[PDB]
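J.: Provided below: entry.cif, containing mmCIF, C-alpha atoms and all ligand atoms.
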```
data_protein
#
loop_
_atom_site.label_atom_id
_atom_site.label_comp_id
_atom_site.auth_asym_id
_atom_site.auth_seq_id
_atom_site.Cartn_x
_atom_site.Cartn_y
_atom_site.Cartn_z
CA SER A 2 7.66 -5.43 -26.53
CA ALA A 3 11.09 -5.54 -24.81
CA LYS A 4 9.94 -3.73 -21.68
CA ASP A 5 7.56 -6.71 -20.99
CA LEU A 6 10.41 -9.22 -21.45
CA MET A 7 12.56 -7.23 -18.97
CA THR A 8 9.69 -7.31 -16.48
CA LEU A 9 9.37 -11.09 -16.90
CA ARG A 10 13.14 -11.22 -16.19
CA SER A 11 12.54 -9.25 -12.97
CA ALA A 12 9.71 -11.58 -11.88
CA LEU A 13 11.97 -14.63 -12.43
CA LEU A 14 14.76 -13.02 -10.38
CA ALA A 15 12.21 -12.32 -7.64
CA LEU A 16 10.97 -15.94 -7.66
CA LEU A 17 14.45 -17.41 -7.77
CA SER A 18 15.51 -15.31 -4.77
CA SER A 19 13.45 -17.81 -2.71
CA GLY A 20 15.83 -20.58 -3.75
CA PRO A 21 17.19 -22.43 -6.83
CA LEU A 22 14.79 -24.27 -9.16
CA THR A 23 14.84 -26.40 -12.28
CA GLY A 24 13.21 -24.92 -15.40
CA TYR A 25 10.06 -27.05 -15.01
CA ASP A 26 9.69 -26.31 -11.26
CA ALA A 27 10.32 -22.59 -11.88
CA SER A 28 7.43 -22.44 -14.32
CA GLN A 29 5.06 -24.42 -12.00
CA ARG A 30 6.02 -22.31 -8.95
CA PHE A 31 5.86 -19.09 -11.01
CA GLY A 32 2.28 -19.76 -12.18
CA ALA A 33 1.18 -20.61 -8.60
CA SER A 34 2.72 -17.42 -7.06
CA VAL A 35 4.17 -14.34 -8.80
CA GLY A 36 2.32 -15.34 -11.98
CA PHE A 37 -0.91 -13.99 -10.44
CA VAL A 38 0.48 -10.43 -10.70
CA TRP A 39 2.74 -10.83 -13.75
CA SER A 40 1.69 -13.83 -15.78
CA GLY A 41 4.22 -15.98 -17.61
CA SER A 42 3.72 -19.23 -19.51
CA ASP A 43 6.13 -22.16 -20.05
CA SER A 44 7.08 -20.94 -23.52
CA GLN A 45 7.89 -17.49 -22.17
CA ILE A 46 9.80 -18.64 -19.07
CA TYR A 47 12.05 -21.35 -20.55
CA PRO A 48 13.75 -19.07 -23.13
CA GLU A 49 14.21 -16.21 -20.66
CA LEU A 50 15.81 -18.58 -18.06
CA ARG A 51 18.18 -19.73 -20.79
CA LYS A 52 19.07 -16.12 -21.77
CA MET A 53 19.56 -15.24 -18.09
CA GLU A 54 22.04 -18.09 -17.66
CA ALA A 55 23.77 -17.05 -20.91
CA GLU A 56 24.09 -13.57 -19.38
CA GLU A 57 25.41 -15.13 -16.14
CA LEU A 58 22.60 -13.76 -13.98
CA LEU A 59 21.87 -17.39 -13.15
CA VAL A 60 24.22 -20.30 -12.37
CA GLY A 61 23.13 -23.74 -13.61
CA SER A 62 24.01 -27.06 -11.96
CA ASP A 63 22.88 -30.71 -11.95
CA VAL A 64 20.84 -31.98 -8.97
CA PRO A 65 18.87 -35.27 -8.44
CA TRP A 66 15.43 -35.29 -10.13
CA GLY A 67 12.77 -37.77 -8.96
CA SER A 68 14.06 -40.96 -7.39
CA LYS A 69 15.05 -43.17 -10.37
CA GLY A 70 18.52 -41.51 -10.57
CA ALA A 71 17.70 -38.76 -13.05
CA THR A 72 19.40 -35.38 -12.65
CA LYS A 73 18.09 -32.00 -13.82
CA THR A 74 19.57 -28.50 -14.15
CA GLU A 75 18.50 -26.19 -11.37
CA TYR A 76 19.05 -22.46 -11.71
CA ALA A 77 20.29 -20.23 -8.85
CA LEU A 78 20.95 -16.47 -8.83
CA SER A 79 24.59 -15.50 -9.28
CA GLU A 80 26.01 -12.44 -7.55
CA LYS A 81 25.28 -10.65 -10.87
CA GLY A 82 21.68 -11.93 -10.60
CA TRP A 83 21.39 -10.54 -7.05
CA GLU A 84 22.68 -7.14 -8.25
CA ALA A 85 20.27 -7.12 -11.20
CA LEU A 86 17.32 -7.84 -8.87
CA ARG A 87 18.31 -5.02 -6.54
CA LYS A 88 18.80 -2.62 -9.47
CA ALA A 89 15.49 -3.63 -11.12
CA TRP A 90 13.59 -3.03 -7.87
CA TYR A 91 15.17 0.38 -7.28
CA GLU A 92 14.05 1.65 -10.72
CA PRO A 93 10.73 3.47 -10.88
CA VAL A 94 7.69 1.63 -12.20
CA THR A 95 7.00 2.37 -15.84
CA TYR A 96 3.23 2.66 -16.21
CA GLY A 97 2.15 1.19 -19.56
CA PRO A 98 -0.68 2.90 -21.40
CA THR A 99 -4.23 1.73 -20.61
CA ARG A 100 -5.38 -1.30 -22.58
CA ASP A 101 -8.67 -2.38 -20.97
CA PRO A 102 -10.88 -4.44 -23.24
CA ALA A 103 -13.89 -4.12 -20.92
CA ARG A 104 -13.77 -0.34 -20.80
CA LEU A 105 -13.34 -0.35 -24.57
CA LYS A 106 -16.42 -2.54 -24.84
CA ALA A 107 -18.41 -0.25 -22.47
CA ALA A 108 -17.40 2.96 -24.30
CA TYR A 109 -19.29 1.77 -27.37
CA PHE A 110 -22.11 -0.34 -25.91
CA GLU A 111 -24.42 1.54 -28.37
CA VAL A 112 -23.14 -0.72 -31.15
CA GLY A 113 -25.36 -3.47 -29.63
CA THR A 114 -28.52 -3.64 -27.58
CA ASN A 115 -28.98 -2.75 -23.93
CA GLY A 116 -29.46 -6.53 -23.34
CA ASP A 117 -26.04 -7.16 -24.88
CA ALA A 118 -24.54 -4.43 -22.59
CA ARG A 119 -26.07 -6.16 -19.52
CA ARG A 120 -24.52 -9.46 -20.55
CA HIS A 121 -21.12 -7.75 -20.86
CA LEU A 122 -21.42 -6.13 -17.44
CA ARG A 123 -22.55 -9.40 -15.77
CA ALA A 124 -19.51 -11.19 -17.31
CA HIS A 125 -17.30 -8.37 -15.91
CA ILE A 126 -18.70 -8.90 -12.41
CA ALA A 127 -18.29 -12.70 -12.73
CA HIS A 128 -14.67 -12.35 -13.74
CA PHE A 129 -13.65 -9.98 -10.93
CA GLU A 130 -15.68 -11.87 -8.27
CA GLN A 131 -13.69 -15.01 -9.13
CA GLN A 132 -10.48 -12.99 -9.04
CA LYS A 133 -11.41 -11.64 -5.60
CA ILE A 134 -12.04 -15.15 -4.21
CA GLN A 135 -8.65 -16.36 -5.59
CA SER A 136 -6.91 -13.32 -4.05
CA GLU A 137 -8.60 -13.79 -0.65
CA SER A 138 -7.69 -17.51 -0.76
CA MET A 139 -4.08 -16.62 -1.63
CA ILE A 140 -3.93 -14.24 1.37
CA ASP A 141 -5.02 -17.09 3.62
CA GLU A 142 -2.13 -19.30 2.33
CA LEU A 143 0.33 -16.44 2.82
CA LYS A 144 -0.76 -15.62 6.38
CA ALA A 145 -0.75 -19.34 7.33
CA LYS A 146 2.85 -19.43 5.89
CA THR A 147 1.89 -22.65 4.06
CA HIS A 148 2.28 -21.44 0.45
CA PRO A 149 5.28 -23.55 -0.76
CA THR A 150 7.24 -20.70 -2.42
CA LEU A 151 6.62 -18.41 0.56
CA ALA A 152 7.63 -21.18 3.02
CA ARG A 153 10.94 -21.72 1.15
CA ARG A 154 11.59 -17.93 1.15
CA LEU A 155 11.01 -17.72 4.91
CA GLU A 156 13.33 -20.71 5.63
CA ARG A 157 16.06 -18.64 3.90
CA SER A 158 15.30 -15.39 5.77
CA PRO A 159 16.03 -14.32 9.36
CA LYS A 160 12.95 -14.59 11.60
CA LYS A 161 13.16 -10.82 12.24
CA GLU A 162 12.21 -10.24 8.56
CA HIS A 163 9.24 -12.64 8.23
CA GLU A 164 6.55 -10.10 9.15
CA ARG A 165 7.85 -7.74 6.47
CA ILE A 166 8.19 -10.38 3.75
CA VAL A 167 4.69 -11.76 4.34
CA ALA A 168 3.17 -8.26 4.64
CA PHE A 169 4.34 -7.32 1.16
CA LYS A 170 2.95 -10.48 -0.46
CA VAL A 171 -0.35 -9.80 1.30
CA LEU A 172 -0.20 -6.15 0.15
CA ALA A 173 -0.03 -7.22 -3.51
CA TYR A 174 -3.15 -9.38 -3.15
CA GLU A 175 -4.99 -6.66 -1.20
CA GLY A 176 -4.34 -4.54 -4.33
CA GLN A 177 -5.93 -7.20 -6.57
CA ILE A 178 -8.92 -7.31 -4.22
CA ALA A 179 -9.26 -3.49 -4.09
CA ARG A 180 -9.26 -3.34 -7.87
CA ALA A 181 -11.67 -6.29 -8.18
CA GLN A 182 -14.13 -4.60 -5.84
CA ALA A 183 -13.96 -1.29 -7.79
CA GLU A 184 -14.64 -3.20 -11.07
CA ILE A 185 -17.67 -4.95 -9.59
CA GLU A 186 -19.09 -1.69 -8.21
CA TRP A 187 -18.51 -0.01 -11.58
CA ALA A 188 -20.32 -2.80 -13.48
CA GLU A 189 -23.25 -2.65 -10.99
CA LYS A 190 -23.48 1.12 -11.53
CA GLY A 191 -23.50 0.33 -15.28
CA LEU A 192 -26.39 -2.14 -14.82
CA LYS A 193 -28.46 0.54 -13.08
CA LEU A 194 -27.62 3.03 -15.84
CA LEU A 195 -28.98 0.54 -18.39
CA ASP A 196 -32.43 0.53 -16.67
CA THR A 197 -32.67 4.32 -17.23
CA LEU A 198 -31.87 4.24 -20.99
CA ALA B 3 -1.74 -11.00 -31.96
CA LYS B 4 -5.25 -10.95 -30.39
CA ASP B 5 -4.12 -7.48 -29.24
CA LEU B 6 -4.14 -6.45 -32.95
CA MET B 7 -7.76 -7.59 -33.40
CA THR B 8 -8.67 -5.50 -30.30
CA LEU B 9 -6.93 -2.40 -31.74
CA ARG B 10 -8.82 -3.08 -34.97
CA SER B 11 -12.07 -3.02 -32.99
CA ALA B 12 -11.01 0.31 -31.43
CA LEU B 13 -10.31 1.73 -34.91
CA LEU B 14 -13.65 0.51 -36.32
CA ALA B 15 -15.37 2.13 -33.31
CA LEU B 16 -13.59 5.47 -33.88
CA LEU B 17 -14.21 5.42 -37.67
CA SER B 18 -17.94 4.87 -37.06
CA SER B 19 -18.01 8.63 -36.11
CA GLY B 20 -17.04 9.49 -39.69
CA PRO B 21 -14.27 9.17 -42.25
CA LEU B 22 -10.69 10.17 -41.34
CA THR B 23 -7.24 10.42 -42.94
CA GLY B 24 -4.49 8.30 -41.35
CA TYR B 25 -3.09 11.27 -39.41
CA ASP B 26 -6.51 12.45 -38.10
CA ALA B 27 -7.36 8.86 -37.19
CA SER B 28 -4.19 8.52 -35.12
CA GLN B 29 -4.68 11.97 -33.60
CA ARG B 30 -8.39 11.45 -32.74
CA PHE B 31 -7.67 7.94 -31.49
CA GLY B 32 -5.09 9.29 -29.03
CA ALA B 33 -7.63 11.90 -27.80
CA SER B 34 -10.59 9.48 -27.42
CA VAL B 35 -10.66 5.68 -27.50
CA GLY B 36 -6.85 5.66 -26.95
CA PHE B 37 -7.51 6.50 -23.31
CA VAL B 38 -9.02 3.04 -22.74
CA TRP B 39 -7.27 1.05 -25.44
CA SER B 40 -3.99 2.71 -26.36
CA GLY B 41 -2.31 2.45 -29.74
CA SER B 42 1.00 3.82 -31.00
CA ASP B 43 1.75 5.05 -34.51
CA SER B 44 3.66 1.80 -35.19
CA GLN B 45 0.46 -0.25 -34.68
CA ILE B 46 -2.30 2.11 -35.89
CA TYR B 47 -0.86 2.98 -39.31
CA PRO B 48 -0.22 -0.64 -40.39
CA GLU B 49 -3.55 -1.76 -38.90
CA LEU B 50 -5.39 0.80 -41.02
CA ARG B 51 -3.53 -0.48 -44.12
CA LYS B 52 -4.46 -4.08 -43.25
CA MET B 53 -8.08 -3.04 -42.69
CA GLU B 54 -8.20 -1.43 -46.16
CA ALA B 55 -6.57 -4.50 -47.78
CA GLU B 56 -9.26 -6.71 -46.14
CA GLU B 57 -11.94 -4.25 -47.48
CA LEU B 58 -13.23 -3.11 -44.09
CA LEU B 59 -12.24 0.45 -45.01
CA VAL B 60 -12.48 2.29 -48.33
CA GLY B 61 -9.69 4.77 -48.93
CA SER B 62 -10.25 7.72 -51.22
CA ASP B 63 -8.28 10.77 -52.33
CA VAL B 64 -9.44 14.10 -50.96
CA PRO B 65 -7.91 17.59 -51.53
CA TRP B 66 -4.87 18.27 -49.29
CA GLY B 67 -4.11 21.96 -49.43
CA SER B 68 -5.17 23.91 -52.50
CA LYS B 69 -2.28 23.21 -54.92
CA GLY B 70 -3.82 19.90 -56.13
CA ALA B 71 -2.10 17.57 -53.65
CA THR B 72 -4.31 14.84 -52.20
CA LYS B 73 -4.40 12.63 -49.11
CA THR B 74 -6.11 9.37 -48.32
CA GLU B 75 -9.29 9.47 -46.22
CA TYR B 76 -10.65 6.17 -44.80
CA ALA B 77 -14.35 5.38 -44.38
CA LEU B 78 -15.93 2.19 -43.01
CA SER B 79 -17.26 -0.07 -45.81
CA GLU B 80 -20.38 -2.21 -45.38
CA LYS B 81 -18.05 -5.08 -44.32
CA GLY B 82 -16.41 -2.67 -41.86
CA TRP B 83 -19.76 -1.88 -40.24
CA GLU B 84 -20.57 -5.59 -40.14
CA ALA B 85 -17.16 -6.32 -38.51
CA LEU B 86 -17.80 -3.58 -35.88
CA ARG B 87 -21.19 -5.12 -34.94
CA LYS B 88 -19.82 -8.68 -34.83
CA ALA B 89 -16.81 -7.58 -32.75
CA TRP B 90 -19.05 -5.87 -30.16
CA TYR B 91 -21.26 -8.90 -29.77
CA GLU B 92 -18.45 -11.23 -28.65
CA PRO B 93 -17.55 -11.65 -24.98
CA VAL B 94 -14.68 -9.54 -23.64
CA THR B 95 -11.51 -11.62 -23.49
CA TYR B 96 -9.85 -10.88 -20.19
CA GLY B 97 -6.05 -11.22 -20.33
CA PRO B 98 -4.02 -12.48 -17.39
CA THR B 99 -2.87 -9.90 -14.89
CA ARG B 100 0.34 -8.10 -15.80
CA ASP B 101 0.62 -5.22 -13.34
CA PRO B 102 4.08 -3.79 -12.80
CA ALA B 103 3.08 -1.92 -9.60
CA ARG B 104 1.70 -5.09 -7.97
CA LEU B 105 4.83 -7.03 -8.90
CA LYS B 106 6.99 -4.29 -7.34
CA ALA B 107 4.88 -4.17 -4.14
CA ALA B 108 4.96 -7.97 -3.80
CA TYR B 109 8.74 -7.89 -3.38
CA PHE B 110 9.30 -4.54 -1.69
CA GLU B 111 11.69 -6.33 0.74
CA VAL B 112 14.21 -6.27 -2.12
CA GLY B 113 14.81 -2.59 -1.33
CA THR B 114 14.38 -0.35 1.67
CA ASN B 115 11.16 0.90 3.24
CA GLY B 116 12.16 4.32 1.83
CA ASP B 117 12.30 2.87 -1.70
CA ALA B 118 8.82 1.35 -1.11
CA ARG B 119 7.45 4.74 -0.02
CA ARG B 120 8.79 6.34 -3.18
CA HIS B 121 7.04 3.68 -5.35
CA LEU B 122 3.70 4.04 -3.54
CA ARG B 123 3.80 7.83 -3.65
CA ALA B 124 4.59 7.65 -7.43
CA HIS B 125 1.64 5.24 -7.76
CA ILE B 126 -0.76 7.65 -5.98
CA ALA B 127 0.44 10.54 -8.11
CA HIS B 128 -0.01 8.60 -11.31
CA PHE B 129 -3.60 7.56 -10.49
CA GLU B 130 -4.61 10.95 -8.94
CA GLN B 131 -3.58 12.30 -12.33
CA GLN B 132 -5.48 9.70 -14.38
CA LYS B 133 -8.49 10.52 -12.19
CA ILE B 134 -8.31 14.30 -12.96
CA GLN B 135 -7.80 13.58 -16.68
CA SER B 136 -10.87 11.31 -16.74
CA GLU B 137 -12.95 13.91 -14.90
CA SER B 138 -11.91 16.52 -17.54
CA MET B 139 -12.95 14.03 -20.21
CA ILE B 140 -16.37 13.59 -18.62
CA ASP B 141 -16.92 17.39 -18.59
CA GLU B 142 -16.34 17.59 -22.36
CA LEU B 143 -18.43 14.47 -23.10
CA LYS B 144 -21.33 15.87 -21.05
CA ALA B 145 -20.90 19.28 -22.67
CA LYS B 146 -20.88 17.44 -26.03
CA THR B 147 -17.83 19.51 -27.07
CA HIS B 148 -15.30 16.68 -27.47
CA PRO B 149 -14.73 16.92 -31.27
CA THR B 150 -15.05 13.16 -32.00
CA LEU B 151 -18.19 12.91 -29.83
CA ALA B 152 -19.62 16.03 -31.56
CA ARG B 153 -18.93 14.48 -35.00
CA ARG B 154 -20.49 11.18 -33.82
CA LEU B 155 -23.63 12.96 -32.61
CA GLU B 156 -24.04 15.03 -35.83
CA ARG B 157 -24.25 11.63 -37.64
CA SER B 158 -26.69 9.91 -35.23
CA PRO B 159 -30.47 10.23 -34.83
CA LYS B 160 -31.37 12.49 -31.88
CA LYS B 161 -33.05 9.52 -30.09
CA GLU B 162 -29.66 7.73 -29.69
CA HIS B 163 -27.72 10.71 -28.26
CA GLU B 164 -28.52 10.10 -24.57
CA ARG B 165 -27.34 6.51 -24.90
CA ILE B 166 -24.18 7.34 -26.94
CA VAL B 167 -23.00 9.92 -24.45
CA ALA B 168 -23.90 7.90 -21.29
CA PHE B 169 -21.72 5.03 -22.49
CA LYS B 170 -18.68 7.29 -23.07
CA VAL B 171 -19.16 8.68 -19.56
CA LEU B 172 -19.55 5.15 -18.16
CA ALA B 173 -16.16 4.21 -19.59
CA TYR B 174 -14.49 7.17 -17.85
CA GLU B 175 -16.35 6.48 -14.62
CA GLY B 176 -14.63 3.07 -14.80
CA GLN B 177 -11.24 4.73 -15.16
CA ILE B 178 -12.08 6.90 -12.16
CA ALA B 179 -13.23 3.92 -10.00
CA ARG B 180 -10.08 1.95 -10.76
CA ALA B 181 -7.84 4.99 -10.12
CA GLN B 182 -9.50 5.65 -6.74
CA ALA B 183 -9.00 1.96 -5.78
CA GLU B 184 -5.30 2.25 -6.67
CA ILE B 185 -4.84 5.39 -4.60
CA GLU B 186 -6.55 3.84 -1.55
CA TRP B 187 -4.45 0.70 -1.89
CA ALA B 188 -1.22 2.70 -2.03
CA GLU B 189 -2.23 4.81 1.00
CA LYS B 190 -2.87 1.61 2.97
CA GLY B 191 0.62 0.49 1.83
CA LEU B 192 2.16 3.72 3.15
CA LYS B 193 0.54 3.12 6.54
CA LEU B 194 1.83 -0.46 6.49
CA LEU B 195 5.37 0.77 5.80
CA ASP B 196 5.26 2.83 9.02
CA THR B 197 4.48 -0.33 11.06
CA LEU B 198 7.55 -2.24 9.82
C1 LIG C 1 3.47 -12.53 -5.62
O1 LIG C 1 2.81 -13.75 -5.23
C2 LIG C 1 3.43 -14.67 -4.45
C3 LIG C 1 4.79 -14.68 -4.16
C4 LIG C 1 5.33 -15.66 -3.32
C5 LIG C 1 6.80 -15.62 -3.04
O2 LIG C 1 7.68 -15.06 -4.02
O3 LIG C 1 7.30 -16.01 -1.99
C6 LIG C 1 4.53 -16.66 -2.78
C7 LIG C 1 3.16 -16.67 -3.04
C8 LIG C 1 2.59 -15.71 -3.86
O4 LIG C 1 1.27 -15.70 -4.16
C1 LIG C 2 -13.73 6.01 -25.72
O1 LIG C 2 -13.37 7.39 -25.59
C2 LIG C 2 -13.98 8.37 -26.33
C3 LIG C 2 -14.75 8.10 -27.47
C4 LIG C 2 -15.35 9.15 -28.18
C5 LIG C 2 -16.17 8.90 -29.41
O2 LIG C 2 -15.82 7.80 -30.26
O3 LIG C 2 -17.13 9.62 -29.71
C6 LIG C 2 -15.19 10.47 -27.78
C7 LIG C 2 -14.45 10.78 -26.65
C8 LIG C 2 -13.82 9.78 -25.91
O4 LIG C 2 -13.08 10.12 -24.82
#
```
Can you dump the structure from the file as structure tokens?
T.:
Amino acid sequence: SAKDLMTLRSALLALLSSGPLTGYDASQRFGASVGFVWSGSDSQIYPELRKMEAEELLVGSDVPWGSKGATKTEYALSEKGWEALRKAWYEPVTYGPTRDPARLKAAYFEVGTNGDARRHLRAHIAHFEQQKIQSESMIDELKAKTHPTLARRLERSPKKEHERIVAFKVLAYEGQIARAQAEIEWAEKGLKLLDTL
Amino acid sequence: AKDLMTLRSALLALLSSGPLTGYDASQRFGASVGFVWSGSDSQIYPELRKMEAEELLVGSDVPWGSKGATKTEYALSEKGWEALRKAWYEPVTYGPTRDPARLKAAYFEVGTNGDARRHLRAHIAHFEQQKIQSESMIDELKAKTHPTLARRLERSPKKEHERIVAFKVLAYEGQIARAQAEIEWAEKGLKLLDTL
């Protein structure tokens, strides 16, 4: 799916707007930040970074790596990269069709026992409770301004803009929390349904 | 990859309501299970062919029109039924979050506050709509008039009907709960935009 690749491209542009990174660092920072809302692995990120440089959306250059005298290629947005980010953001969100394996499972719980359905709904609750705690913990790092990608972004932004920049990162994680809480409530409603069947 | 095995599970679930030709499978899928696990023609048709080749479905020729043409109808085999049961037993595999609206919101500072309002209003509209669609679906499930549900019920012992229907409704109640959460989130975002 090419639409998903283009979205990964947009997430990399967003991350790299906080400052240039090597390939390895980009993938580590990605997974610890934007990766919580659009996940990308090493094997997805490395080839896209290379295409983006080939397309001249990114500029590559050699900087010191470690302290033994090794250098590594760090990627920075070009002016074309900056334009592409702006254009990507302006475009409307394309909503992909619903693919929810848990709702799929629930729709046909009759294939198994009511005890099996309870186990599925408890595993749903477990999953979204742990997501909620991660999201709440991420908000705390964002509001403290200690998250390392956020801190780098802020050091490159005028102080006048910090409230805005932080507010939007928080907003994203409030959305993960709101959804998590709806999923838990839904599963709990399902558990009560199962006692009446 | 694993997405194909999930679509396969969706197709076994749908075909447990009775045999279908490829076209009617795709059509009924899009009007039922496709609302919670979507499949396009480019995935459904070849998955059906793979499922027949692995003997989970039996294809047979049935009359197509009245001039002696035929078409292929697919029924679950015994191995298909077994596969459906074994699939359902396994834990749900939760994929990592890929949400294009959350990604957009995270970096709203890339555009103007006006651009952010447009995105959140489009988000509200989209989920207000999903909500109304799911509510319409629940009315026809509860009325037992949805044609796939009706066919499923004609083939099931009366004792199982309450359970069969409740679970379809549960799935749509999930769609409604998520949609309402998305709307509330976006409204909070709109209020936030006014403070900046
Ligand atoms: C979207 O998630 C995040 C983004 C950033 C950032 O790009 O500055 C930092 C921390 C995060 O959790
Ligand atoms: C999971 O969604 C549905 C499934 C069925 C069914 O297989 O009987 C009918 C209507 C639906 O909306």
J.: Please report, as a Markdown table, each residue of chain A lying at most 7 Å from ligand LIG 1 (chain C), together with the nearest pair of atoms and the separation in Å rounded to one decimal; use only C-alpha atoms and all ligand atoms, and order rows by chain and ascending residue number.
T.:
```
| residue | atom | partner | partner_atom | distance |
| --- | --- | --- | --- | --- |
| A:15 | CA | C:LIG1 | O2 | 6.4 |
| A:16 | CA | C:LIG1 | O2 | 5.0 |
| A:19 | CA | C:LIG1 | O3 | 6.4 |
| A:33 | CA | C:LIG1 | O4 | 6.6 |
| A:34 | CA | C:LIG1 | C8 | 3.6 |
| A:35 | CA | C:LIG1 | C1 | 3.7 |
| A:36 | CA | C:LIG1 | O1 | 7.0 |
| A:37 | CA | C:LIG1 | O1 | 6.4 |
| A:38 | CA | C:LIG1 | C1 | 6.3 |
| A:139 | CA | C:LIG1 | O4 | 6.0 |
| A:143 | CA | C:LIG1 | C7 | 6.5 |
| A:148 | CA | C:LIG1 | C7 | 6.0 |
| A:150 | CA | C:LIG1 | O3 | 4.7 |
| A:151 | CA | C:LIG1 | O3 | 3.6 |
| A:154 | CA | C:LIG1 | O3 | 5.7 |
| A:170 | CA | C:LIG1 | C1 | 5.6 |
| A:173 | CA | C:LIG1 | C1 | 6.7 |
```
J.: Could the residues of chain A within 8 Å of chain B, counting only C-alpha atoms, be given as a ChimeraX atom specification, please?
T.: /A:8,12,15,35,37-40,86-87,90-91,93-96,98-113,117,121,124,164-166,169-173,175-176,179-180,183-184,187,191,198
J.: Every residue with an atom at most 12 Å from (-27.4, 15.9, -30.2) (file coordinates; only C-alpha atoms) is what I'm after, so could you write them as a ChimeraX atom specification?
T.: /B:143-147,151-167
J.: Do a neighbour search on residue B:49 at 12 Å with all atoms listed in the file, toss out local chain neighbours closer than 4 positions, and write the hits as a PyMOL selection string.
T.: chain B and resi 3+5-14+24+27-28+41-45+53-56+58-59
J.: For the residues selected in the previous step, produce a file with C-alpha atoms as a compact mmCIF listing (two decimals), in the coordinates of the input.
T.:
```txt
# COMPACT_ATOMS: atom_id res chain seq x y z
CA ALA B 3 -1.74 -11.00 -31.96
CA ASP B 5 -4.12 -7.48 -29.24
CA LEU B 6 -4.14 -6.45 -32.95
CA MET B 7 -7.76 -7.59 -33.40
CA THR B 8 -8.67 -5.50 -30.30
CA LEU B 9 -6.93 -2.40 -31.74
CA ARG B 10 -8.82 -3.08 -34.97
CA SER B 11 -12.07 -3.02 -32.99
CA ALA B 12 -11.01 0.31 -31.43
CA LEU B 13 -10.31 1.73 -34.91
CA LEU B 14 -13.65 0.51 -36.32
CA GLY B 24 -4.49 8.30 -41.35
CA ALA B 27 -7.36 8.86 -37.19
CA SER B 28 -4.19 8.52 -35.12
CA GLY B 41 -2.31 2.45 -29.74
CA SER B 42 1.00 3.82 -31.00
CA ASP B 43 1.75 5.05 -34.51
CA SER B 44 3.66 1.80 -35.19
CA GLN B 45 0.46 -0.25 -34.68
CA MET B 53 -8.08 -3.04 -42.69
CA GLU B 54 -8.20 -1.43 -46.16
CA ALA B 55 -6.57 -4.50 -47.78
CA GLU B 56 -9.26 -6.71 -46.14
CA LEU B 58 -13.23 -3.11 -44.09
CA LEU B 59 -12.24 0.45 -45.01
```
J.: To one decimal place, how far is atom CA of residue A:75 from atom CA of residue A:4 in Å?
T.: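 For atom CA of residue A:75 relative to atom CA of residue A:4, the distance reads 26.2 Å.
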J.: Identify which of the residues A:89, A:145, A:68, A:10 lies closest to residue A:51, counting only C-alpha atoms when measuring atom-to-atom distances.
T.: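 The shortest atom-to-atom distance to residue A:51 comes from A:10.
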J.: Can you work out which one of B:136, B:192, B:69, B:21 has the shortest atom-to-atom distance to ligand LIG 2 (chain C), counting only C-alpha atoms and all ligand atoms?
T.: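 Checking each candidate against ligand LIG 2 (chain C), we get B:136 as the closest.
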J.: Work out how far apart atom CA of residue B:17 and atom CA of residue B:71 are and give it in Å to one decimal.
T.: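 Atom CA of residue B:71 lies at a distance of 23.4 Å from atom CA of residue B:17.
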J.: Just to confirm, what's the straight-line distance from atom CA of residue B:79 to atom CA of residue B:52 in Å (one decimal)?
T.: 13.7 Å
J.: Compile the contact shell of residue A:48 as an mmCIF file with C-alpha atoms, in the frame of the given file: residues with an atom at most 12 Å away, counting only C-alpha atoms, same-chain residues fewer than 4 positions apart removed.
T.:
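Output file out_38.cif is given in full below:
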```cif
data_model
loop_
_atom_site.group_PDB
_atom_site.id
_atom_site.type_symbol
_atom_site.label_atom_id
_atom_site.label_comp_id
_atom_site.auth_asym_id
_atom_site.auth_seq_id
_atom_site.Cartn_x
_atom_site.Cartn_y
_atom_site.Cartn_z
ATOM 1 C CA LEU A 6 10.410 -9.220 -21.450
ATOM 2 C CA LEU A 9 9.370 -11.090 -16.900
ATOM 3 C CA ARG A 10 13.140 -11.220 -16.190
ATOM 4 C CA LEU A 13 11.970 -14.630 -12.430
ATOM 5 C CA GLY A 24 13.210 -24.920 -15.400
ATOM 6 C CA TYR A 25 10.060 -27.050 -15.010
ATOM 7 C CA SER A 28 7.430 -22.440 -14.320
ATOM 8 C CA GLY A 41 4.220 -15.980 -17.610
ATOM 9 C CA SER A 42 3.720 -19.230 -19.510
ATOM 10 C CA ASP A 43 6.130 -22.160 -20.050
ATOM 11 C CA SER A 44 7.080 -20.940 -23.520
ATOM 12 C CA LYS A 52 19.070 -16.120 -21.770
ATOM 13 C CA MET A 53 19.560 -15.240 -18.090
ATOM 14 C CA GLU A 54 22.040 -18.090 -17.660
ATOM 15 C CA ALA A 55 23.770 -17.050 -20.910
#
```
J.: Determine the nearest neighbour of ligand LIG 2 (chain C) from the options B:60, B:119, B:20, B:4, counting all atoms listed in the file.
T.: B:20
J.: Box time for stretch 71-76 of chain A: axis-aligned, enclosing all its listed atoms, 6 Å extra on each side; report centre and edge lengths in Å to one decimal, as AutoDock Vina command-line options.
T.:
```
--center_x 18.6 --center_y -30.6 --center_z -12.8 --size_x 13.9 --size_y 28.3 --size_z 14.8
```
J.: Skip residue A:79 itself and residues of its chain fewer than 3 positions away, then list as number ranges by chain all residues within 9 Å of it, counting all atoms listed in the file.
T.: A: 57-60, 82-84
J.: For ligand LIG 2 (chain C), which residue out of B:137, B:80, B:196, B:189 is the nearest one, using all atoms listed in the file?
T.: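 Among B:137, B:80, B:196, B:189, it is B:137 that comes nearest to ligand LIG 2 (chain C).
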